[PDB]
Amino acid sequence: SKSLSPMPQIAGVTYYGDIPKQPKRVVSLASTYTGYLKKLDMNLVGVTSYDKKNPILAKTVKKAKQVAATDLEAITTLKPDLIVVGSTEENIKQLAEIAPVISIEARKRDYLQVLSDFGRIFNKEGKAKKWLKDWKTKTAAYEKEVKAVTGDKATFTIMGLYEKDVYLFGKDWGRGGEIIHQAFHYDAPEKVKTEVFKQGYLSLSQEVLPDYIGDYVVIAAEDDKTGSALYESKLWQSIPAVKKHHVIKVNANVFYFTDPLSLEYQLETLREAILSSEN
């Protein structure tokens, strides 16, 4: 009974059932995509725990219920007309019995393409295009502002802390890499480009961190406690970027994401942080 999406064939996108063109009750089970759906003015009736913990996105989905993919009863009761999932979810068959499902395989389309792809799926091309045009202009302008401070050839490394572990990231695995590397066009150290960029992420022992940091480091964490021991260590304090105050500590609860809402916050935050590194 619903008007249907044209359901274009797009790398990484799989449809289960007849996708509505204008869904009225969307359940997002993939925090990667929730904010894209919000930017295109979808009514989100269910979202993930990560979405509720994203302090930027959460403000826009207060009426949505938090659900997990296993919550077949709760999701059914929300009466969705569309469910959105990542391709690694394991009960897509059961979910597709409740409502049509869009399943997206991460990384097959870039962080901007995902928005225009949803524009095609939902016939919201104008909303997507206007956002993307503004993003292109704004990021080019901000690139000039930040490189006026650092110089054009400064190297950046994207890092994240989780529990006792340290990770490096490339240009397309969140933690600010899309903005730093794709939008501001900052280079990375050679070792990061060689060892990290293709896979997208790399687990590292803390003792080798100096070898992967050049001019600046952006470090994501979910709380202030996680990095405290690292930051106080002689190892960390010996790194030139640390001595120069070129460490930018960011809130992973928003910086994991690449949706438009999260990105807008991240962009202003990173611009201001680079300016502030010379206080």
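Note that residue numbering follows the sequence shown and begins at 1.
Which has higher Cα B-factors on average according to the PDB entry: 85-93 or 116-124? Result of the comparison: 85-93.
Using only the Cα atoms and their B-factors as the entry lists them, report which of 29-37 and 237-245 averages higher. According to the PDB entry, the answer is 237-245.
I'd like to know which of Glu145, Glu73, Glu178, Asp165 has the highest C-alpha temperature factor in the PDB entry. It is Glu73.
Whose C-alpha has the highest temperature factor in the PDB entry: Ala252, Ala229, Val47, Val217? Reading the PDB entry, the winner on C-alpha B-factor is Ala229.
Among all modelled residues of this chain, ranked by Cα B factor, put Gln22 in the bottom, middle or top third, i.e. lowest, middle or highest. Within its chain, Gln22 is a highest-third residue by C-alpha B-factor, going by the deposited values.
Relative to the other modelled residues of the same chain, rank the CA B-factor of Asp134 and answer lowest, middle or highest third. It belongs to the middle third of the chain when residues are ordered by C-alpha B-factor.
Name the third of the chain's ranked CA B-factors that contains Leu209, choosing lowest, middle or highest. It falls in the top third of the chain.
Relative C-alpha B-factor of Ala141, binned into the chain's lowest, middle or highest third: Within its chain, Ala141 is a lowest-third residue by C-alpha B-factor, going by the deposited values.
Looking at the temperature factor on the CA atom of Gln199, which third of the chain's modelled residues does it land in? Answer is highest: the recorded C-alpha B-factor places it there.
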